[PDB]
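Single-structure report; data block below.
No Cβ is skipped: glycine too gets one built from the backbone with ideal geometry, and neighbour counts run over all protein chains shown. Please treat every number below as a calculation from the coordinates, not as lab data.
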Amino acid sequence: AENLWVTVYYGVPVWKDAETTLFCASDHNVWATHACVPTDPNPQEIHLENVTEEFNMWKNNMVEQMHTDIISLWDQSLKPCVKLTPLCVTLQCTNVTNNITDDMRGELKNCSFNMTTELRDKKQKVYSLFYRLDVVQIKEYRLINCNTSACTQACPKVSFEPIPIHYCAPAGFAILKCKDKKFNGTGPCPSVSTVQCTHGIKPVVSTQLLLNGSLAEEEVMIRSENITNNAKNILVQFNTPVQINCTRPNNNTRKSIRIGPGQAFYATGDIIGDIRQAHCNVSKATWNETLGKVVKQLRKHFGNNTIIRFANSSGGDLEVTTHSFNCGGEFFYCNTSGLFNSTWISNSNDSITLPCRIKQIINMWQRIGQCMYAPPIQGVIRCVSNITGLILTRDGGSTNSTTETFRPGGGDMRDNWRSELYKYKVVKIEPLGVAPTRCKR
Amino acid sequence: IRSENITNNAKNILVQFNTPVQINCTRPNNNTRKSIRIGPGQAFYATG
Amino acid sequence: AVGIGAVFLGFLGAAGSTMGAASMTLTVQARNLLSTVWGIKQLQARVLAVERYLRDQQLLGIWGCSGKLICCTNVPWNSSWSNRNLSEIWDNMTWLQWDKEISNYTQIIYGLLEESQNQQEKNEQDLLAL
Amino acid sequence: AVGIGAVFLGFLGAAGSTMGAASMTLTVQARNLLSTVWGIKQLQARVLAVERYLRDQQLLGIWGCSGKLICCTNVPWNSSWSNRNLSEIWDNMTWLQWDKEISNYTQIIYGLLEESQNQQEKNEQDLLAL
Ligand SMILES: *[C@@H]1O[C@H](CO)[C@@H](O[C@@H]2O[C@H](CO)[C@@H](O[C@@H]3O[C@H](CO)[C@@H](O)[C@H](O[C@H]4O[C@H](CO)[C@@H](O)[C@H](O)[C@@H]4O[C@H]4O[C@H](CO)[C@@H](O)[C@H](O)[C@@H]4O)[C@@H]3O)[C@H](O)[C@H]2NC(C)=O)[C@H](O)[C@H]1NC(C)=O
Ligand SMILES: *[C@@H]1O[C@H](CO)[C@@H](O[C@@H]2O[C@H](CO)[C@@H](O)[C@H](O)[C@H]2NC(C)=O)[C@H](O)[C@H]1NC(C)=O
Ligand SMILES: *[C@@H]1O[C@H](CO)[C@@H](O[C@@H]2O[C@H](CO)[C@@H](O)[C@H](O)[C@H]2NC(C)=O)[C@H](O)[C@H]1NC(C)=O
Ligand SMILES: *[C@@H]1O[C@H](CO)[C@@H](O[C@@H]2O[C@H](CO)[C@@H](O)[C@H](O)[C@H]2NC(C)=O)[C@H](O)[C@H]1NC(C)=O
Ligand SMILES: *[C@@H]1O[C@H](CO)[C@@H](O[C@@H]2O[C@H](CO)[C@@H](O)[C@H](O)[C@H]2NC(C)=O)[C@H](O)[C@H]1NC(C)=O
Ligand SMILES: *[C@@H]1O[C@H](CO)[C@@H](O[C@@H]2O[C@H](CO)[C@@H](O)[C@H](O)[C@H]2NC(C)=O)[C@H](O)[C@H]1NC(C)=O
Ligand SMILES: *[C@@H]1O[C@H](CO)[C@@H](O[C@@H]2O[C@H](CO)[C@@H](O)[C@H](O)[C@H]2NC(C)=O)[C@H](O)[C@H]1NC(C)=O
Ligand SMILES: *[C@@H]1O[C@H](CO)[C@@H](O[C@@H]2O[C@H](CO)[C@@H](O)[C@H](O)[C@H]2NC(C)=O)[C@H](O)[C@H]1NC(C)=O
Ligand SMILES: *[C@@H]1O[C@H](CO)[C@@H](O[C@@H]2O[C@H](CO)[C@@H](O)[C@H](O)[C@H]2NC(C)=O)[C@H](O)[C@H]1NC(C)=O
Ligand SMILES: *[C@@H]1O[C@H](CO)[C@@H](O[C@@H]2O[C@H](CO)[C@@H](O)[C@H](O)[C@H]2NC(C)=O)[C@H](O)[C@H]1NC(C)=O
Ligand SMILES: *[C@@H]1O[C@H](CO)[C@@H](O[C@@H]2O[C@H](CO)[C@@H](O)[C@H](O)[C@H]2NC(C)=O)[C@H](O)[C@H]1NC(C)=O
Ligand SMILES: *[C@@H]1O[C@H](CO)[C@@H](O)[C@H](O)[C@H]1NC(C)=O
Ligand SMILES: *[C@@H]1O[C@H](CO)[C@@H](O)[C@H](O)[C@H]1NC(C)=O
Ligand SMILES: *[C@@H]1O[C@H](CO)[C@@H](O)[C@H](O)[C@H]1NC(C)=O
Ligand SMILES: *[C@@H]1O[C@H](CO)[C@@H](O)[C@H](O)[C@H]1NC(C)=O
Ligand SMILES: *[C@@H]1O[C@H](CO)[C@@H](O)[C@H](O)[C@H]1NC(C)=O
Ligand SMILES: *[C@@H]1O[C@H](CO)[C@@H](O)[C@H](O)[C@H]1NC(C)=O
Ligand SMILES: *[C@@H]1O[C@H](CO)[C@@H](O)[C@H](O)[C@H]1NC(C)=O
Ligand SMILES: *[C@@H]1O[C@H](CO)[C@@H](O)[C@H](O)[C@H]1NC(C)=O
């Protein structure tokens, strides 16, 4: 009676969730663009009407792929140049006290040691300036890493500056982007587009502060996998940036020592002029306004008549306890204590200065047994950056008290990538379909 | 009993049993182990 | 004829369109399907895509619809699978919604198609025997 | 309708069966064909399998039997190849024995099939010219 018959169609627009491997698209650097394809001058986007998709930032497979690719590129970049095997010798060290302030006392050590030469039957006597965090007493000191493993030197010619990278999908797969504002990273998105691939993402490595990121188009956004649980970090995205100016003012000097055939070690000769502490500056009124916006948004989730406290970091390693970043090739670790120190109750030109330290022996990723020795940078260094987000954690959270305390956090670098790839997902097409029609073979 | 060419004496003979024979092997010395650090993250294990 | 622009449809430009309108853009989707360790991964992805395409082509051939994008068959449509009439399907619904609705009636349809094709082949072979 | 179970025939399940019964399980065999240094070996094996499948499909298409598992043709059967009747072939012999028997008469059959297909195509082209 129906007289309707099955009919097969190939190439229908139907897709499903899937996982695959995206490839490069990017316009001497650590993040090698040589093995990455050039990007198209005019990217294309197709807005899908009447299509509402499901999104979840906390179960995105692209973050893991990005992390693995970044680590792999990092590993490849450090291969073809010197390994600092002979650096582990007994060092005779003294204090540096030539034109220093009251806060830099004991932070620098003038050390002398013996070293090999190009000929294996000759030795030389050399000296260099080391940081207090790099040497451990055995008047005799040794490098911190020799009792764990020998490890390489940073390679002078490659630069650490991040560059954008785009991830484009293979054939048979599509990338869907959610353009709905106020999207908190999980749930249904009604506005959807198909993009060949994403906007340029800078792999910025930092802790406790997201630098050179993206800004929300509507207002401050707060995201968390389970806001009720205190064990999950909270990601805060600003709508406007906060300028921060960091500097190392010491006039450093660099010298080269030939430690073998075609092998040179770069040491710090001496500092010309006064010695002062590297430090950063951030505006006070702008920070206060940003914190006001943040607490206003937090009151939406944590009650309207609750006291919100910003306090100091709990503790642990220097990297997790301090905002760690790279400026001008030098690794800064800084004590963001003057920022997250206040309490908020429901109801000109000075700037906050953070004095802070530099390091040379680096364990970038959370791994044990591989360092990275950064050669010194000659001369004064200054660098300006934008702060566009925060990674907070709720302390305690019991029902005994009516006050919520938030502290800075970090450590894991997957959260840094999660803040950029939150609005993208990958799907695979299902060309085959069956429908009713009135033929008969 | 299996062999590629049983007549030839240059070919090994494989014998497969139908039941096993238990064998008990032992070293009864109470050895002691110590570690010597021979370099950065390199340890050699010696008999004390 | 002077002042009107022209453009081409995208890979998934007809996703939001109705089934009747979306069925006229099968070639745009069909064409896209074909086209140290990183090289291994790319080669594996390409080989997997080729294998999937070959499997789809073989499945189409098993039903007797080889070398066609649209091939309407002899299997009748059961009312249990869907009760909506044609007017409410090809003019008021999209392909995604249709796939969602009948997602739990596909394997039986495939089996019926295979059996019908086998019966047709047997009947044709018997007819050619005369 | 209660008291009996159901199982599915496996790969090469009809190897010992007669040709007539074994010809009804072509799909199970057909479907199986498609689906650091070790990765190279596996990729090479997959590519070789794909190439073999494509070569077989091209050979089938050359004879005009494209997209078909059973395709009976116009070439008459010579008595020299085999004098056995149908009753002694499709009901008393297996595919392995049949392949063993006529192993030395295959290339001539392939050439005859190719020539017959070429002649049929030429005749069809001549007919369509009118
Ligand atoms: C957030 O973004 C902002 C802006 O995008 C970033 O700020 C920029 O940072 C870059 C990199 O530090 C900086 O570019 C440098 O400017 C210096 C001053 O002009 C240059 O001297 C420097 O060139 C040296 O380094 C290059 C490698 O990066 C070498 O290729 C080049 O030859 C130079 O090296 C010579 O000099 C050194 C030092 O004397 C010596 O050791 C070498 O042997 C060689 O002789 C770069 O061009 C931009 O100027 C910054 N822009 C602004 C507006 O400040 C900021 O860093 C980002 N934030 C984070 C956290 O990354
Ligand atoms: C670090 O120590 C070295 C060695 O003691 C210092 O180099 C000496 O500097 C004095 C001048 O103050 C010269 O007279 C000596 O000849 C130098 N010694 C050598 C071996 O060259 C160096 O000045 C010290 N640097 C700092 C910052 O204290
Ligand atoms: C570099 O090596 C020389 C010798 O090759 C060291 O001088 C010796 O120092 C020890 C003390 O550790 C004395 O007991 C020896 O008598 C010294 N020998 C000579 C010939 O002077 C020198 O100390 C080494 N340099 C450093 C910085 O340790
Ligand atoms: C978010 O976290 C809270 C706190 O853990 C979860 O609620 C708890 O769930 C566990 C499950 O075994 C219970 O034992 C606790 O008693 C619950 N505590 C409270 C305060 O409810 C909550 O389920 C999480 N959210 C989701 C969606 O899983
Ligand atoms: C951070 O702010 C301090 C002031 O709080 C700056 O110190 C001044 O720096 C200027 C340089 O142009 C000098 O002229 C002043 O004499 C300094 N004043 C004091 C009190 O130190 C410092 O330079 C700023 N640093 C950065 C990186 O912005
Ligand atoms: C960070 O540095 C920038 C530039 O080095 C500062 O911006 C300058 O501020 C002065 C004083 O208001 C102006 O005269 C300049 O025109 C500004 N230049 C630029 C490029 O903006 C900024 O004030 C500094 N911020 C902090 C907190 O130290
Ligand atoms: C956050 O502020 C507290 C309070 O000042 C810091 O606690 C101090 O820690 C130092 C050791 O580094 C002690 O000498 C002080 O006595 C402590 N203060 C008090 C009042 O007891 C805490 O260290 C700060 N956080 C970080 C990461 O430095
Ligand atoms: C981070 O900065 C804060 C603020 O300067 C430090 O807290 C001070 O620590 C010293 C320790 O010598 C105390 O004497 C001060 O009283 C502390 N200030 C206050 C306001 O309590 C803190 O120690 C710094 N972090 C680290 C690890 O040193
Ligand atoms: C910090 O943020 C400001 C504002 O977002 C940036 O200035 C903008 O830069 C973009 C570059 O694509 C321009 O299109 C805008 O017109 C600029 N806006 C203003 C108000 O200047 C600035 O470049 C950022 N700095 C860093 C280092 O990222
Ligand atoms: C098994 O081994 C025997 C011993 O080698 C083979 O017999 C020999 O074959 C060689 C071939 O040149 C002769 O020169 C010897 O005189 C033969 N000796 C004997 C005692 O027969 C025998 O052929 C082997 N079996 C097979 C199947 O090859
Ligand atoms: C192998 O056999 C010998 C005996 O031929 C065993 O020696 C005895 O071991 C037991 C251990 O429980 C002692 O109590 C006896 O006193 C031993 N007797 C002698 C004569 O040595 C030996 O232990 C056996 N070893 C194994 C591994 O089975
Ligand atoms: C170097 O200075 C530090 C800090 O004042 C002090 O603790 C240390 O004992 C000094 N070492 C010397 C003078 O050898
Ligand atoms: C190396 O020395 C430091 C300080 O002396 C110590 O904390 C660390 O545990 C040592 N490494 C190992 C592998 O024991
Ligand atoms: C915010 O995230 C929660 C997570 O459970 C989700 O339920 C909610 O729908 C999100 N907000 C919006 C507007 O979708
Ligand atoms: C650092 O020292 C060098 C060498 O004396 C000098 O040329 C340069 O001007 C100094 N830098 C500053 C900022 O004074
Ligand atoms: C923290 O805030 C309190 C305000 O009560 C202030 O007295 C103290 O100096 C601040 N400390 C820092 C390190 O900013
Ligand atoms: C081997 O020596 C250790 C240390 O004295 C002892 O604990 C252990 O029991 C000894 N082994 C035997 C089998 O007695
Ligand atoms: C989207 O849906 C509306 C009604 O729900 C319909 O009028 C419109 O045609 C649809 N979009 C397209 C591209 O057909
Ligand atoms: C095996 O052979 C016997 C006799 O040759 C025959 O009866 C039997 O049917 C054969 N097996 C199958 C599965 O046909």
What about residue C:114, is it over 24 Å from residue C:24 (Cα atoms), within 16 Å of the chain's Cα centre (by Cα), more than 7 Å from every other protein chain (Cβ to nearest Cβ) and assigned to a helix (DSSP H, G or I)?
yes
Of the residues in the range D:37-62, those that are of a type in the set (D, E, K, R) and more than 8 Å from chain C (Cβ to nearest Cβ) come to D:41, D:51, D:52, D:55, D:56
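Yes/no matrix, rows are residues, columns are (1) among the acidic types (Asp, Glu); (2) in contact with a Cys (Cβ under 7 Å, 6 or more places away or on another chain); (3) within 30 Å of residue C:111 (Cα to Cα); (4) more than 16 Å from ligand 10 (Cβ to nearest atom):
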residue	(1), (2), (3), (4)
D:9	no, no, yes, yes
D:25	no, no, yes, yes
D:32	no, no, yes, yes
D:38	no, no, no, yes
D:48	no, no, no, yes
D:70	no, no, yes, yes
D:85	no, no, no, yes
D:88	yes, no, no, yes
When every residue in the range D:10-22 that is closer than 15 Å to residue D:95 by Cβ and touching a helix residue (DSSP H, G or I) at 6+ places or on another chain (Cβ under 8 Å) is compared, the one nearest to ligand 6 (Cβ to nearest atom) is D:11
Quiz item: Looking at residue A:85, is it surrounded by 12 or more Cβ atoms within 10 Å (Cβ to Cβ) and either under 20 Å from residue A:150 (Cα atoms) or within 16 Å of ligand 5 (Cβ to nearest atom) (or both)?
Solution: yes
Expected single match for touching a strand residue (DSSP E or B) at 6+ places or on another chain (Cβ under 9 Å), farther than 30 Å from residue A:107 by Cα and crowded, with 18+ Cβ neighbours inside 10 Å among A:220, A:282 is A:220
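Listed here are the residues, each with its yes/no results for (1) in contact with a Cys (Cβ under 8 Å, 6 or more places away or on another chain); (2) among the charged types (D, E, K, R); (3) over 30 Å from residue A:257 (Cα atoms).
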| site | (1), (2), (3) |
| --- | --- |
| A:11 | no, no, yes |
| A:17 | no, yes, yes |
| A:22 | yes, no, yes |
| A:42 | no, no, yes |
| A:58 | no, no, yes |
| A:67 | no, no, yes |
| A:71 | no, no, yes |
| A:74 | no, no, no |
Somewhere in the range A:308-322, is a residue within 16 Å of ligand 13 (Cβ to nearest atom) and surrounded by 18 or more Cβ atoms within 10 Å (Cβ to Cβ)? yes
Pairing a residue in the range A:345-365 that is more than 16 Å from ligand 13 (Cβ to nearest atom) with any residue that is among the acidic types (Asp, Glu) and in a strand (DSSP E or B), where Cβ atoms lie under 7 Å and the two sit 6 or more apart in sequence or on different chains, gives A:358/A:330
The number of residues in the range A:48-64 that are surrounded by fewer than 18 Cβ atoms within 10 Å (Cβ to Cβ) and under 30 Å from residue A:414 (Cβ atoms) is 7
Residues in the range A:323-337 that are more than 16 Å from the chain's Cα centre (by Cα) and buried (at least 20 other Cβ atoms within 10 Å of the Cβ) total 1
Filtering the range C:12-36 for residues that are in a helix (DSSP H, G or I), within 8 Å of chain A (Cβ to nearest Cβ) and either more than 14 Å from residue A:431 (Cα to Cα) or hydroxyl-bearing (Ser, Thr, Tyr) (or both) leaves a count of 1
Suppose the filter is within 16 Å of ligand 6 (Cβ to nearest atom), more than 14 Å from chain C (Cβ to nearest Cβ) and among the aliphatic types (A, V, I, L, M); does residue A:354 pass it? yes
Is it the case that the range B:20-37 has a residue that's in a loop (DSSP other than H, G, I, E, B), in contact with a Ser or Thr (Cβ under 8 Å, 6 or more places away or on another chain) and not polar (S, T, N, Q)?
no
* To do: Scan the range A:414-425 and give yes if some residue there is assigned to a loop (DSSP other than H, G, I, E, B) and either surrounded by fewer than 16 Cβ atoms within 10 Å (Cβ to Cβ) or within 14 Å of chain C (Cβ to nearest Cβ) (or both), otherwise no.
  => no
Would you mind stating whether residue C:65 is in a strand (DSSP E or B), within 14 Å of chain D (Cβ to nearest Cβ) and either on the phi < 0 side of the Ramachandran plot or loosely packed, with under 15 Cβ neighbours inside 10 Å (or both)? no
Take residue A:310 and decide whether it is within 16 Å of ligand 16 (Cβ to nearest atom) and among the aromatic types (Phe, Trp, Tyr).
yes
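Every residue, every condition in (1) part of a strand (DSSP E or B); (2) within 16 Å of ligand 5 (Cβ to nearest atom); (3) within 14 Å of another protein chain (Cβ to nearest Cβ), yes or no:
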position: A:133; (1), (2), (3): no, no, no
position: A:147; (1), (2), (3): no, no, yes
position: A:163; (1), (2), (3): no, no, no
position: A:171; (1), (2), (3): no, no, yes
position: A:182; (1), (2), (3): no, no, no
position: A:208; (1), (2), (3): no, no, no
position: A:219; (1), (2), (3): no, no, no
position: A:239; (1), (2), (3): yes, no, no
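This table checks each residue for (1) exposed (fewer than 13 other Cβ atoms within 10 Å of the Cβ); (2) assigned to a loop (DSSP other than H, G, I, E, B).
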position: A:66; (1), (2): no, no
position: A:74; (1), (2): no, no
position: A:98; (1), (2): yes, yes
position: A:125; (1), (2): yes, no
position: A:136; (1), (2): no, no
Checked the range A:1-42 for anything of a type in the set (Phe, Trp, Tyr) and within 21 Å of the chain's Cα centre (by Cα); matches are A:31
Here the residues within the range A:100-119 that are surrounded by 13 or more Cβ atoms within 10 Å (Cβ to Cβ) and farther than 20 Å from residue A:357 by Cα are A:113, A:114, A:115, A:116, A:117
Checking A:389, A:411, A:433, A:397 in turn, the sole residue that is under 22 Å from residue A:16 (Cα atoms) and of a type in the set (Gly, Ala, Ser) turns out to be A:433
